[PDB]
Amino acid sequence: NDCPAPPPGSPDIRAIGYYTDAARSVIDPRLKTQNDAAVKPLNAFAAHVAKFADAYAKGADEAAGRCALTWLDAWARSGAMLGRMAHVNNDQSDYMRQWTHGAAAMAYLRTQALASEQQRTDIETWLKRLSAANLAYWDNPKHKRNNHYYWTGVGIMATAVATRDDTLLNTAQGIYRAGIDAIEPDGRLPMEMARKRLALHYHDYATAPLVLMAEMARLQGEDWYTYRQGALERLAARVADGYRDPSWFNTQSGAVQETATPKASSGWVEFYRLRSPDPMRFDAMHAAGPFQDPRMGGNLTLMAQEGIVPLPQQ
């Protein structure tokens, strides 16, 4: 078809933190606009490659799959996001590198069947270096391993599965199990409950990468859902309950939750619907779909029914 030109892939990222409160729940409107403008290439790259992967997954559109690889290869050859990370106000640049690597590795995992040998070495070396850089960021103990740590596993996991890297797979499993072990008996995640009016949003947002990592483990013949089975169900059930009634999150966080319907990354329910011992609790969240998130590989509603990786045409 017609593959659009990819934006430049700079090695450096200068994202700007836009929060004004200690709980990171009140947004500075100007810093948000400044950050959105500076990270627009990273978001545009993520949205396009997931869009191309979605079109390839529909079948009879290998051109779209090659277009995603064209975009991934261009950023791989320019060393995108492997340069200097800025630290304006907070570590927003490191977070964008984690999120954008996830989107890139998810797009590669879905379209890898069409990659040329040069594209394979370019992109996989790039995805492996991004994995090492994002992992090294967490060697500092001051960096709190909240949902940011869980989202880091997305890129590492998708790179591990796409390249059959056993050590990267074990690294991902360590991140996944760290999130599962952090769930309290009542189903809470303490660092997400500390977000006041966004406590429910960030319990939702922490579940998304954990579900996606467990779903990618199935591509490797492993059932990560059985690890400490019951904890993920309690967390996911609280999120579904919170969208019906936020009274639990109001009490435990000490703040009245914002009112917002499930969207984007909330589409982990499309996968988790299929695994829960009580799937009907997620009927209301499912009805709010379909769900799309480039940071999770694109159309979650379609991937939950068709599989994450389309079958390569013969």
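By rigid core we mean the largest C-alpha set that fits within 1.5 Å across both forms. Throughout, we count residues from 1 along the sequence that is shown.
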Q: May I ask which stretch, 5-13 or 292-300, sits farther from the shown form in 5 other deposited structures of this protein once every structure is superposed on the core, judging by RMS CA distance?
A: 5-13
Q | Between the two ranges 83-91 and 117-125, the one averaging a larger CA B factor in the entry | A | 83-91
Q: Can you let me know which of the two, 22-30 or 246-254, has the higher average C-alpha B-factor in the entry?
A: 22-30
Q) Looking at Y108, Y227, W75, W138, which has the biggest Cα B factor in the entry? A) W138
(Q) In terms of recorded Cα temperature factor, pick the maximum from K142, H148, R238, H101. (A) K142
Q. Should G307 be placed in the lowest, middle or highest third of its chain by the C-alpha B factor in the entry?
A. lowest
Q: Report the third (lowest, middle or highest) to which the CA temperature factor of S276 belongs, ranking only the modelled residues of the same chain.
A: lowest
(Q) Based on the deposited C-alpha B factors for this chain, I'd like to know if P290 is in the lowest, middle or highest third. (A) middle
Q. In terms of the chain's CA B-factor thirds, is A46 lowest, middle or highest?
A. lowest
**Q.** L219, C-alpha B-factor rank within chain (lowest, middle or highest third)
**A.** highest
